[PDB]
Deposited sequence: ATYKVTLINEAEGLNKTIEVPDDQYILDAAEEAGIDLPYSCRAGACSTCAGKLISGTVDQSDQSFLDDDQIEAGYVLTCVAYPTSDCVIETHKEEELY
């Protein structure tokens, strides 16, 4: 499957993401400059907030159960599992 991932912050664009591609990688192929540092699921730099839809970010490690429950997603290690809508650049909300 290929899912429509809407990325919002002067950013408002919907990209196509195969279910076996990470959202950050797909955003970069679409020319979108999203924040990152480790690209390995171990920090908050690439954090976004899921507004609708679902992801598989099982390779992540930084976010705790409670941050995941609140809708945070580490875009560098997140695969879409449905069409979804993500607010980007959300690291600041964790602190």
*asked:* Need the unmodelled segments of the deposited chain, numbered from 1, in order.
replied: 10-12
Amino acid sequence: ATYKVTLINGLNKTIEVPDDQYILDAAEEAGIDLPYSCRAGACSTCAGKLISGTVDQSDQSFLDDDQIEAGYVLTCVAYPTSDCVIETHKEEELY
From here on, numbers count along this sequence of modelled residues.
_Of 25-33 and 60-68, the stretch whose C-alpha atoms average the higher B-factor in the entry_ = 60-68
*Per the entry, where is the mean C-alpha temperature factor higher: 75-83 or 10-18?*
10-18
*In terms of the chain's CA B-factor thirds, is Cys46 lowest, middle or highest?*
lowest
